[PDB]
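This report concerns only the one structure given below.
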Amino acid sequence: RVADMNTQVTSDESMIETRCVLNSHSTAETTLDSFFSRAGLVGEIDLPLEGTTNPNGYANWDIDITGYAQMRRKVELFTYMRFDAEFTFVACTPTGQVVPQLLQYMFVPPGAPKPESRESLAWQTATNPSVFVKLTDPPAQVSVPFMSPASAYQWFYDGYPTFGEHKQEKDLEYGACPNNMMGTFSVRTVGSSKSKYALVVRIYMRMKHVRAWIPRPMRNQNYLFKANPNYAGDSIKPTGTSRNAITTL
Amino acid sequence: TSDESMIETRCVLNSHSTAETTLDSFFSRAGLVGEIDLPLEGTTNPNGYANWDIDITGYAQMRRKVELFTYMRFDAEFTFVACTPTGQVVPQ
Amino acid sequence: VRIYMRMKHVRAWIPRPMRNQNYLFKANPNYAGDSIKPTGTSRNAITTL
Amino acid sequence: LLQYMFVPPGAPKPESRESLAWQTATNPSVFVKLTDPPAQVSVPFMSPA
Amino acid sequence: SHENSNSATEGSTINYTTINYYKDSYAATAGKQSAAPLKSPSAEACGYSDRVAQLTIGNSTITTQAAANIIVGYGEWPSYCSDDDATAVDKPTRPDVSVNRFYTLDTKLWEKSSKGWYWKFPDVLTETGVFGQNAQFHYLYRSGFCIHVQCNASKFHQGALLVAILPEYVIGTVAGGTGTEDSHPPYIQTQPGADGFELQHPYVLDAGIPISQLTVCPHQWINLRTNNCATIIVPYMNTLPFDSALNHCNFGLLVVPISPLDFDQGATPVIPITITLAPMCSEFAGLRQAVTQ
Amino acid sequence: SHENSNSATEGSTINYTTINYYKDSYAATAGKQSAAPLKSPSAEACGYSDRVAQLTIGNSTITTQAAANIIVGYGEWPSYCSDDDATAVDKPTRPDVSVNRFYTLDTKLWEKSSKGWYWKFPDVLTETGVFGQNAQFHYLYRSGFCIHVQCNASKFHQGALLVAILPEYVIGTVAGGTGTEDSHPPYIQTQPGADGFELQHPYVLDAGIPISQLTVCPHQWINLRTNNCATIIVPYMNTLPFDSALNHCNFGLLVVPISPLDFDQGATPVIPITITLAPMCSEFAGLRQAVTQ
Amino acid sequence: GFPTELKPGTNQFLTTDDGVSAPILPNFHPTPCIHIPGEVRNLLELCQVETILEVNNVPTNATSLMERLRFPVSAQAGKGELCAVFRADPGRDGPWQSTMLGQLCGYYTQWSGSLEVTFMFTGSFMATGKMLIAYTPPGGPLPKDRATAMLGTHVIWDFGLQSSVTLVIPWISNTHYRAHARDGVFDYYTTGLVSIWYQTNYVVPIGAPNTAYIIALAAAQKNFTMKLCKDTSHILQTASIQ
Amino acid sequence: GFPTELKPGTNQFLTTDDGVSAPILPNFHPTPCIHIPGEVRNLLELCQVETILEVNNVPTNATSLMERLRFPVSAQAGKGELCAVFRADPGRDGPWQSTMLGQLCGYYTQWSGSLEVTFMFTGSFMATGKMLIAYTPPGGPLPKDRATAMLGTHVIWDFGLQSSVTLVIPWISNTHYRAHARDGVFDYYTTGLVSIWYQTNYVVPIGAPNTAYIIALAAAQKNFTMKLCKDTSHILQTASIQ
Amino acid sequence: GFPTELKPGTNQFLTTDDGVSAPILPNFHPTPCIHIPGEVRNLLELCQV
Amino acid sequence: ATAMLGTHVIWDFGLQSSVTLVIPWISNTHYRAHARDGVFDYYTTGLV
Ligand SMILES: CCCCCCCCCCCCC/C=C/[C@H](O)[C@H](N)CO
Ligand SMILES: CCCCCCCCCCCCC/C=C/[C@H](O)[C@H](N)CO
């Protein structure tokens, strides 16, 4: 009772005279599954003998692929980005030597206990996905699914995770979407005593079944901090090279 | 009470899989159930042999996982990661 | 020698309360009686968080 | 352990051993030990001609 | 056809798609899997209102509110062991009227500072009745149980009891308090008989498991403003078709006050909790001389 | 049938031929894949001339040239959340005439030396209107937007504005200039409200991304010799069906002069840019007390 | 010799890898499975069982640890007083750790779906009164009064007549799944706050106790689902098992 | 034990190898994909979007960096003056680096197809005039006059009437694909030079500004295609990310 | 783990071995082959000149 | 900002030299008496 509830004989045609061109040019190499399914360095883990970085033989690497400029700029072409990842860990000595050392990679999802020591009880990995591999073995390759609570990963989060007043002490929470932090990637030398080899674990990550949504401008400034679009303000460089004059090349 | 007798609800298409909460998903993850020490000078197993009684209640994580139930029938995938106490992979 | 064990074709029957006390001995539900801790964290008051 | 890396024209040639071009996020690269058999890769016909 | 059907999920009702390169099914992958019993279903929820209309088991009758507030343990009525489940070749005796009847154990007093008690089954019925004689005389025992915990209090009394059935209720100790003693509970604590045993630490149930999470097990409430009794029909659960009734307790009946008993001065201070249990579908096999334990 | 359908491309419209030796589809290879939305399509190009013939949203009407020079963001009209996309079980409120209407924010003045401004959405509409009250009162928010940037100038004035919609416009800082400070932008910079915020470095958009490449995002031009207004109909984009309207800005509206404003002396020096935005298909869920932020 | 290339990942031991291993016992057929009652086939069945919620997680000593399972209700001044508050996050470190929903949530990173919190009145039959149990969706802080609280999802509970009401915490979130809310950045995944207010009072005659107790039982609905299994952190041991 | 020979290439890690790896999470189903607008399914879709071309890439300081996005046009002496020149190579280090076509071309070795360069006039409505935008095919150097330039592919642009013309740079090359032209041997792959000349003048009355600006927007056509994905070199970092 | 025995000849590199190697460039389609006159398809054609 | 919360139109007078603002019939009563400065301001249409 309411009723209100391939060139042929701007497509090259309107500008010049054209011949017929049979364009047998495949577009399959410009897809996301072609542009992004290439493993790039997203993490390097140092396990030295005398250094103060990870002196106890264990390390907790927070999963943040924005630590290296190449893959960060590749994935940051978009905001929303849903994919499965092929994670490869190339463990080696800092001199490149392949030493007979056994390591334990362990995926520690958010909420799972980060190991506080090399001999921590979190290394029993009764539920956590963990990889046991020697350095003499080929690099450990694992298929990582799309694990975000969101429908896509989000390299740019214009907002704050929590409510309440956002002071300068809580300003670091800006842009930190917890749909993207997926816990830590924990590495140890499997043993009670300290490993006799300095070790470097290089994480190489290849994304498969890639879906990306919203293209943004690329990164024309030097990256400074992970998960942060901060740029050197006093040294802003142009997007490309310059010219002495505009009438010349 | 199915959200209907408490609030007004919209229609939600719940394409939420329950396959990850099964026993074959919650329990088919290898956990540390035993560590065997074969040292050179220690008094634990100094003769190069050890007899580890099969008892998976020695480590809190998997023990609490399996002790959610009393009766529990399964086949087990047992993996033995042998290494030096310094983590070295020795030709032994 | 570290033994890692993964159970397949799992069938389990009778759910009990989980373990909210620290394990002390294998195949034994013994708990530290003089240091019984609650199942979770505590609060200074019930009207606050 | 060595890192072979195919650097197509336009891609940055690494200026050092610890260069950032070795992250090989788009470049085809091979990680292989010398104890491993020789690294074999199938290279297509890549010429613009 | 080329592999042995010898995995741990053979005979189950779920088809598991798997990968196997070996002769044995248990070598295969975990694979895929191609009201609610755990929520303490009632007799109305279990569809067993015909067997609960008036609870008369043997020569014993309990008068209580039926169907709605009467709990069938794990959605399973007690039943005699089938031929497939049973392994013992001798035919068991099924007295069914001399042993399947309500036995009244004791009358433990509920106080304002009371902690709670547990009864181990069928250790409670080991040394009384024809059920006790059959349990002592036979090696093998199998029965369900109909536990009817009774606690009457006036309408001016308050308090609630968690009447719960904890299967395989293994008793732990304080381990000397410091946790470095490896003590074990005595025989009178593990199998306390008909008079039961008071809980020293009801929060951990003297077993390191929280009292809060006890309601996954078949449980009932004796909230005094609503009900004065708790009927839990309990099936036989074991990894075995039969078991010894003298050195294995299938379950332990926890009766602890979650809400403390309270009343004003003048009301009767003696509030007793009476435990009544009827074995259901009792089965005794392996007859020999009678043994107390 | 033998593998879980749990890759990141399940539910998509493209069949991927792949190789998988495992139980999970996400373990498989990348495989093969067996007007334009990104080119800022117009209403004529989107086939939505019926909804743009006269732009009256709510009790508000904007008079502007329609269809040809009116841009639908990403080729997608705003729409209510479907049952498949939505996860919140409570039914959201859809006021649709009190919250879906053109709100006029402010009248920022365009100068010859002006750098440009950005407005974060729906932070601009957080504390005004029934839309503001619904955003403050409800946890969950979902709406499209019809941004109508207006800048009138005479035929002797010159200059062009890049009116663009930048989704998830995360603001960066100068990092102390030297790039070694790890500074973060303040709350008044990240969420500047209705009055907006002037760009300090419009070349990098205060985010390290070039202004030149902003036109992949839904954009418009206010080249003063041709048009004095820019209508961008913007859908709701998020990884989520709904989101908080107080601590997440779905997009940022960039209005910067690519071509500087210039005019001879005698013409009016006050050239204001007026921002008008109409929420489209607004959806508010998760009602509680009102919170400013 | 069939030609074969070994990819990255050979000789690695992924603990969650589902593979085919060599059987130790050839032609070993196991003991036949007798029928055991109560079989669990999914952890969401356990999550759907009501389990005592430790809203009153104030006491710490073992003497008063039983007081954690219930929280007091008593006669007030009739000014809409606050009885008890708790966060509605099952995986958060707090009141929900006593729940099987909380313990099972500790083993999974992401959860989604509505939650059943049954409040049962354990006073006398002569104890009458009403309580406003309000669930605040995220964003709203702890309400200062009952008027602030009733603007959210709430139920009104006559405990004089119905001794046990259930407050359904509806699934209201931006994300499709919720990670476990923590005191920090991950408070983005908060479910909100559940607060119990005196709607009228706790009314008793002479002879009835002046203070009663409410036992909160917490569970999850049929739409509940946990995801991304992980090691639990509700309980941690710094010592080995002897 | 099936007989098997390991070929060369075992235990190698090819970063671009498409293989099957062990899943870390068994039976993990991901969060369902809600519909998000604007989905990209090919980088050539991004390459077809008009993006501001930095023809006037003369200024360097941050104060005048916004002047790079547009180049001046003003009244001349009427002698066929030169307005602006730039190379037509999207992947070359120069004016095209500001373009998404240039940035995406930096990630691919070979490109083919025609290019759209839209020149939009941002002067007054009273500003009239014509420009000859000439694209010189490879081989012809920078034209000395407009007569030299009009022999190539050119358009004549009334900016008095039509405020934005597009100069289609047609795909004219010996090779089927073009690698990125550089100052050296790889200038073989040059697209040529695009030069803008004053066809008549920039004519304004009194009251209109004497200098206007043209915003060049560059893109690629439907026939465009990139090949042989490679690491980009348009931007390089000599420092790590903190 | 499919049971498998490695025969003699694993990890060897026979230079004339015709095998399948990992492609460096996924989904790389080459430049289409235009018709070039005089194509040789057998060295005996050269031997007959 | 206070005014745009009501029924409003936005009028480009540079292009369209004449817009019409429709004052919609929004009242409690079915008919409006003539609003006056006093009790009869109950029948006000509002302010434009
Ligand atoms: C056994 C090892 C398993 C390794 C699991 C790795 C999880 C993969 C998640 C990748 C998704 C993005 C992670 C974080 C994104 C970004 O770095 C920032 N958070 C956004 O700027
Ligand atoms: C070649 C190695 C074969 C390894 C065979 C291992 C047998 C697996 C049996 C696991 C079943 C449980 C074992 C013991 C259970 C518990 O730890 C306690 N007994 C009960 O608290």
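Residues in the structure tokens are numbered from 1 in each chain, the chains being A, B, ... in the order shown, and ligands are numbered from 1 in the order shown.
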
task: Step by step, measure atom-to-atom distances between ligand 2 and each residue using only C-alpha atoms and all ligand atoms, keep those at most 6 Å, then write them as a PyMOL selection string.
output: (chain B and resi 54-57) or (chain C and resi 27)

Could you list, as a PDB file with N, CA, C and O atoms, in the first residue's frame, every residue of chain A that has an atom within 10 Å of an atom of chain C, counting only C-alpha atoms?
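So the final result, stored in part.pdb, reads:
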ATOM      1  N   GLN A 124      58.644 -27.594  19.283  1.00  0.00           N
ATOM      2  CA  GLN A 124      58.031 -28.907  19.123  1.00  0.00           C
ATOM      3  C   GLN A 124      57.037 -28.940  17.971  1.00  0.00           C
ATOM      4  O   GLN A 124      56.702 -30.033  17.504  1.00  0.00           O
ATOM      5  N   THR A 125      56.589 -27.765  17.508  1.00  0.00           N
ATOM      6  CA  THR A 125      55.761 -27.535  16.308  1.00  0.00           C
ATOM      7  C   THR A 125      54.675 -28.594  16.107  1.00  0.00           C
ATOM      8  O   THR A 125      54.450 -29.104  15.008  1.00  0.00           O
ATOM      9  N   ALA A 126      53.958 -28.891  17.193  1.00  0.00           N
ATOM     10  CA  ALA A 126      52.879 -29.869  17.123  1.00  0.00           C
ATOM     11  C   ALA A 126      51.712 -29.391  16.269  1.00  0.00           C
ATOM     12  O   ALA A 126      50.945 -30.222  15.774  1.00  0.00           O
ATOM     13  N   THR A 127      51.562 -28.080  16.082  1.00  0.00           N
ATOM     14  CA  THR A 127      50.486 -27.559  15.250  1.00  0.00           C
ATOM     15  C   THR A 127      51.030 -26.565  14.230  1.00  0.00           C
ATOM     16  O   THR A 127      50.451 -26.392  13.153  1.00  0.00           O
ATOM     17  N   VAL A 190      68.944 -26.597  14.916  1.00  0.00           N
ATOM     18  CA  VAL A 190      68.331 -27.631  15.744  1.00  0.00           C
ATOM     19  C   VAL A 190      69.392 -28.289  16.613  1.00  0.00           C
ATOM     20  O   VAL A 190      70.102 -29.195  16.167  1.00  0.00           O
ATOM     21  N   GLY A 191      69.491 -27.850  17.864  1.00  0.00           N
ATOM     22  CA  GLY A 191      70.449 -28.420  18.786  1.00  0.00           C
ATOM     23  C   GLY A 191      70.530 -27.674  20.100  1.00  0.00           C
ATOM     24  O   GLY A 191      70.130 -26.510  20.188  1.00  0.00           O
TER      25      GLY A 191
END

message: For ligand 1, return the neighbouring residues as a PyMOL selection string (distance at most 7 Å; only C-alpha atoms and all ligand atoms).
response: (chain A and resi 63-66+85+87+105-107+129-131+142+144+147+153-156+176-177+180-182+185+226-228) or (chain H and resi 24)

Atoms to include: N, CA and C atoms. Write the selected residues as an mmCIF file, in the first residue's frame.
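Below is the file that was written, result.cif:
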data_model
loop_
_atom_site.group_PDB
_atom_site.id
_atom_site.type_symbol
_atom_site.label_atom_id
_atom_site.label_comp_id
_atom_site.auth_asym_id
_atom_site.auth_seq_id
_atom_site.Cartn_x
_atom_site.Cartn_y
_atom_site.Cartn_z
ATOM 1 N N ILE A 63 56.881 -11.600 9.198
ATOM 2 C CA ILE A 63 56.597 -11.746 7.774
ATOM 3 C C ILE A 63 56.184 -10.383 7.233
ATOM 4 N N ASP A 64 57.089 -9.753 6.488
ATOM 5 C CA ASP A 64 56.853 -8.427 5.926
ATOM 6 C C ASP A 64 57.685 -8.342 4.651
ATOM 7 N N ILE A 65 57.028 -8.531 3.501
ATOM 8 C CA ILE A 65 57.735 -8.589 2.223
ATOM 9 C C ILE A 65 58.100 -7.218 1.681
ATOM 10 N N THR A 66 57.814 -6.147 2.420
ATOM 11 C CA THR A 66 58.166 -4.794 2.020
ATOM 12 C C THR A 66 59.569 -4.394 2.463
ATOM 13 N N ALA A 85 51.467 -18.225 -2.198
ATOM 14 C CA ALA A 85 52.887 -17.930 -2.294
ATOM 15 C C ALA A 85 53.718 -19.205 -2.265
ATOM 16 N N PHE A 87 57.191 -20.124 -1.156
ATOM 17 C CA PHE A 87 58.260 -19.576 -0.335
ATOM 18 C C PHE A 87 59.472 -20.495 -0.395
ATOM 19 N N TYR A 105 63.118 -24.235 9.987
ATOM 20 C CA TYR A 105 62.171 -23.176 9.689
ATOM 21 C C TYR A 105 60.845 -23.507 10.349
ATOM 22 N N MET A 106 60.197 -22.496 10.919
ATOM 23 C CA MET A 106 58.898 -22.696 11.544
ATOM 24 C C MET A 106 58.025 -21.486 11.266
ATOM 25 N N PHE A 107 56.885 -21.719 10.627
ATOM 26 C CA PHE A 107 55.884 -20.677 10.465
ATOM 27 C C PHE A 107 55.132 -20.522 11.779
ATOM 28 N N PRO A 129 53.212 -25.086 11.247
ATOM 29 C CA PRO A 129 53.910 -25.651 10.082
ATOM 30 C C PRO A 129 55.397 -25.347 10.167
ATOM 31 N N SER A 130 56.215 -26.395 10.141
ATOM 32 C CA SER A 130 57.653 -26.239 10.288
ATOM 33 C C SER A 130 58.378 -27.116 9.280
ATOM 34 N N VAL A 131 59.555 -26.656 8.860
ATOM 35 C CA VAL A 131 60.377 -27.348 7.875
ATOM 36 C C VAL A 131 61.705 -27.711 8.519
ATOM 37 N N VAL A 142 58.113 -24.268 0.022
ATOM 38 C CA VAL A 142 56.808 -24.569 0.588
ATOM 39 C C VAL A 142 55.762 -23.707 -0.101
ATOM 40 N N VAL A 144 52.587 -21.588 0.326
ATOM 41 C CA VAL A 144 51.880 -20.837 1.358
ATOM 42 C C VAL A 144 50.562 -20.351 0.764
ATOM 43 N N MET A 147 46.299 -16.545 3.304
ATOM 44 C CA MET A 147 45.954 -16.734 4.703
ATOM 45 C C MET A 147 45.308 -15.518 5.345
ATOM 46 N N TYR A 153 45.417 -9.320 0.359
ATOM 47 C CA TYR A 153 46.443 -8.595 1.091
ATOM 48 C C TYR A 153 46.409 -7.127 0.692
ATOM 49 N N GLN A 154 46.922 -6.278 1.572
ATOM 50 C CA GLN A 154 46.679 -4.839 1.482
ATOM 51 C C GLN A 154 47.976 -4.114 1.824
ATOM 52 N N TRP A 155 48.756 -3.771 0.797
ATOM 53 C CA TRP A 155 50.030 -3.097 1.019
ATOM 54 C C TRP A 155 49.864 -1.645 1.433
ATOM 55 N N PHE A 156 48.681 -1.071 1.240
ATOM 56 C CA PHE A 156 48.391 0.300 1.640
ATOM 57 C C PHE A 156 47.079 0.288 2.405
ATOM 58 N N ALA A 176 49.195 0.085 9.336
ATOM 59 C CA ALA A 176 49.527 -1.268 9.774
ATOM 60 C C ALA A 176 48.236 -2.074 9.833
ATOM 61 N N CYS A 177 47.868 -2.674 8.704
ATOM 62 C CA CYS A 177 46.681 -3.511 8.646
ATOM 63 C C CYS A 177 47.017 -4.902 9.159
ATOM 64 N N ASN A 180 47.578 -8.175 7.144
ATOM 65 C CA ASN A 180 48.825 -8.432 6.439
ATOM 66 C C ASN A 180 49.918 -9.029 7.307
ATOM 67 N N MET A 181 50.052 -8.611 8.566
ATOM 68 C CA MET A 181 51.014 -9.267 9.442
ATOM 69 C C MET A 181 50.499 -10.655 9.794
ATOM 70 N N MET A 182 51.246 -11.675 9.385
ATOM 71 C CA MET A 182 50.827 -13.060 9.523
ATOM 72 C C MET A 182 51.788 -13.813 10.428
ATOM 73 N N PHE A 185 58.299 -15.750 10.945
ATOM 74 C CA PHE A 185 58.948 -16.910 10.349
ATOM 75 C C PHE A 185 60.186 -17.204 11.184
ATOM 76 N N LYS A 226 59.882 -0.391 6.092
ATOM 77 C CA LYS A 226 58.957 -1.437 5.678
ATOM 78 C C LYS A 226 57.532 -1.089 6.088
ATOM 79 N N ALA A 227 56.581 -1.413 5.205
ATOM 80 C CA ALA A 227 55.153 -1.146 5.412
ATOM 81 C C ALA A 227 54.904 0.328 5.720
ATOM 82 N N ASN A 228 55.612 1.193 5.004
ATOM 83 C CA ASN A 228 55.580 2.628 5.238
ATOM 84 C C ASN A 228 55.907 3.363 3.944
ATOM 85 N N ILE H 24 52.031 -25.881 3.315
ATOM 86 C CA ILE H 24 52.304 -25.801 4.747
ATOM 87 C C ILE H 24 51.060 -26.115 5.565
#

task: Using only C-alpha atoms, determine which residues of chain A fall within 7 Å of chain H; present them as a VMD selection string.
output: chain A and resid 6 10 to 12 15 25 27 29 to 32 35 37 to 39 67 to 68 129 138 141 to 144 146 to 151 212 to 214 220 222 to 226 236 238 to 249

field: Those in segment 5-155 of chain A with strand (DSSP E or B) from DSSP, as a PyMOL selection string
entry: chain A and resi 40-47+58-62+78+80-92+101-108+130-134+140-144+153-154

Show me a table, sorted first by chain and then by increasing residue number, of the residues of chain E having an atom at most 10 Å from chain H, each with its shortest atom pair and the distance in Å to one decimal, counting only C-alpha atoms and written as CSV.
residue,atom,partner,partner_atom,distance
E:30,CA,H:26,CA,9.0
E:31,CA,H:27,CA,8.5
E:32,CA,H:27,CA,7.4
E:33,CA,H:27,CA,9.8

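Using only C-alpha atoms, the part of chain B that sits within 8 Å of chain A is made up of residues 26, 27, 29, 30, 31, 32, 33, 59, 60, 61, 62, 65, 81, 83, 84, 85, 86, 87, 88, 89 and 90 of chain B.
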
Selection file, N, CA, C and O atoms, as a short mmCIF file (atom, residue, chain, number, x, y, z; two decimals), in the first residue's frame:
data_model
loop_
_atom_site.label_atom_id
_atom_site.label_comp_id
_atom_site.auth_asym_id
_atom_site.auth_seq_id
_atom_site.Cartn_x
_atom_site.Cartn_y
_atom_site.Cartn_z
N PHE B 26 43.45 -30.76 12.44
CA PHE B 26 44.00 -30.27 13.70
C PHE B 26 45.14 -31.15 14.21
O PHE B 26 46.01 -30.66 14.94
N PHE B 27 45.15 -32.43 13.85
CA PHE B 27 46.12 -33.38 14.40
C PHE B 27 47.14 -33.88 13.40
O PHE B 27 48.15 -34.46 13.82
N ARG B 29 49.61 -32.70 12.01
CA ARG B 29 50.72 -31.75 12.01
C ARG B 29 51.79 -32.30 12.93
O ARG B 29 51.53 -32.52 14.12
N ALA B 30 52.98 -32.55 12.39
CA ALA B 30 54.02 -33.24 13.14
C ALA B 30 54.53 -32.37 14.28
O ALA B 30 54.91 -31.21 14.08
N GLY B 31 54.56 -32.94 15.48
CA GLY B 31 55.06 -32.25 16.65
C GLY B 31 56.10 -33.08 17.36
O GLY B 31 56.15 -34.30 17.24
N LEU B 32 56.95 -32.38 18.12
CA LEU B 32 58.04 -33.03 18.84
C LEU B 32 57.48 -33.88 19.96
O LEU B 32 56.91 -33.36 20.93
N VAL B 33 57.62 -35.20 19.84
CA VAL B 33 57.17 -36.13 20.87
C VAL B 33 58.32 -36.86 21.54
O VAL B 33 58.08 -37.59 22.52
N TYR B 59 56.10 -33.90 25.89
CA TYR B 59 56.21 -32.51 25.47
C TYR B 59 54.83 -31.87 25.46
O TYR B 59 53.88 -32.45 24.94
N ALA B 60 54.75 -30.67 26.03
CA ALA B 60 53.47 -30.09 26.44
C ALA B 60 52.54 -29.81 25.26
O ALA B 60 51.33 -29.97 25.40
N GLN B 61 53.09 -29.39 24.12
CA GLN B 61 52.25 -28.98 22.99
C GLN B 61 51.42 -30.14 22.46
O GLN B 61 50.18 -30.10 22.49
N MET B 62 52.08 -31.19 21.98
CA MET B 62 51.36 -32.32 21.43
C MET B 62 50.61 -33.10 22.50
O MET B 62 49.55 -33.68 22.22
N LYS B 65 47.50 -31.26 22.96
CA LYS B 65 46.69 -31.44 21.76
C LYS B 65 45.94 -32.77 21.79
O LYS B 65 44.72 -32.80 21.63
N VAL B 81 64.51 -36.58 13.16
CA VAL B 81 65.47 -35.60 12.67
C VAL B 81 66.71 -35.71 13.54
O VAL B 81 66.79 -35.12 14.62
N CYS B 83 70.58 -35.06 14.51
CA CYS B 83 71.55 -33.98 14.34
C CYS B 83 72.49 -33.96 15.53
O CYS B 83 72.22 -34.57 16.57
N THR B 84 73.60 -33.25 15.36
CA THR B 84 74.48 -32.95 16.47
C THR B 84 73.77 -32.00 17.44
O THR B 84 72.90 -31.23 17.03
N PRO B 85 74.11 -32.05 18.74
CA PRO B 85 73.57 -31.04 19.67
C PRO B 85 73.93 -29.61 19.31
O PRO B 85 73.28 -28.69 19.83
N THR B 86 74.93 -29.38 18.47
CA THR B 86 75.19 -28.07 17.90
C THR B 86 74.44 -27.85 16.59
O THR B 86 74.62 -26.80 15.96
N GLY B 87 73.62 -28.81 16.17
CA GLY B 87 72.89 -28.71 14.92
C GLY B 87 73.64 -29.19 13.70
O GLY B 87 73.08 -29.16 12.60
N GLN B 88 74.89 -29.62 13.86
CA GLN B 88 75.70 -30.04 12.72
C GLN B 88 75.16 -31.33 12.12
O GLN B 88 74.67 -32.21 12.82
N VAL B 89 75.25 -31.44 10.80
CA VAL B 89 74.90 -32.65 10.07
C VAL B 89 76.20 -33.40 9.83
O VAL B 89 77.00 -33.05 8.96
N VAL B 90 76.42 -34.46 10.61
CA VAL B 90 77.69 -35.19 10.58
C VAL B 90 77.50 -36.48 9.79
O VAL B 90 76.40 -37.04 9.78
#

Once you count only C-alpha atoms, which residues of chain I turn out to be within 10 Å of chain E? Could you give them as a tab-separated table (two decimals) with C-alpha atoms, in the first residue's frame?
chain	number	residue	atom	x	y	z
I	1	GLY	CA	56.74	-40.64	-1.16
I	2	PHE	CA	56.61	-42.87	-4.22
I	3	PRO	CA	59.22	-45.65	-3.90

- request: Name the residues of segment 65-192 of chain H that fall into helix (DSSP H, G or I) according to DSSP on the backbone, using the chain letters and numbers of this document, as a list in words.
  value: residues 65, 66, 67, 68, 69, 95, 96, 97, 98, 100, 101, 102, 103, 104, 105, 146, 147, 148, 149, 185, 186, 187, 188 and 189 of chain H

Spatial neighbours of residue 17 of chain C, 9 Å, only C-alpha atoms, chain gap at least 5 places, as a tab-separated table (two decimals) with N, CA and C atoms, in the first residue's frame:
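The result, stored in out_4.tsv:
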chain	number	residue	atom	x	y	z
B	67	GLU	N	45.50	-34.75	24.38
B	67	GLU	CA	44.79	-34.96	25.64
B	67	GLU	C	43.50	-34.16	25.72
B	68	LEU	N	43.12	-33.47	24.64
B	68	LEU	CA	41.78	-32.92	24.53
B	68	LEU	C	40.74	-34.03	24.54
B	69	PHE	N	41.12	-35.24	24.13
B	69	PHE	CA	40.27	-36.41	24.14
B	69	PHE	C	40.88	-37.49	25.02
E	209	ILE	N	42.77	-30.31	34.99
E	209	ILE	CA	41.84	-29.94	33.94
E	209	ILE	C	40.81	-29.00	34.55
E	210	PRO	N	40.45	-27.90	33.89
E	210	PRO	CA	39.57	-26.91	34.53
E	210	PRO	C	38.16	-27.44	34.72
E	211	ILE	N	37.55	-27.03	35.84
E	211	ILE	CA	36.16	-27.34	36.10
E	211	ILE	C	35.25	-26.60	35.12
E	212	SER	N	35.71	-25.45	34.62
E	212	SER	CA	34.89	-24.65	33.71
E	212	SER	C	34.59	-25.40	32.42
E	213	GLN	N	35.57	-26.14	31.90
E	213	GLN	CA	35.42	-26.86	30.64
E	213	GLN	C	34.84	-28.26	30.82
E	214	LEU	N	34.23	-28.55	31.97
E	214	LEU	CA	33.68	-29.88	32.21
E	214	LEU	C	32.37	-30.13	31.48
E	215	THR	N	31.74	-29.09	30.93
E	215	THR	CA	30.41	-29.24	30.36
E	215	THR	C	30.41	-29.83	28.95
E	216	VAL	N	31.58	-30.07	28.35
E	216	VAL	CA	31.61	-30.86	27.12
E	216	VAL	C	31.22	-32.29	27.42
E	217	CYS	N	31.62	-32.79	28.59
E	217	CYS	CA	31.20	-34.08	29.08
E	217	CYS	C	29.71	-34.03	29.44
G	100	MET	N	36.07	-23.67	26.57
G	100	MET	CA	36.53	-24.52	25.48
G	100	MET	C	36.54	-23.78	24.15
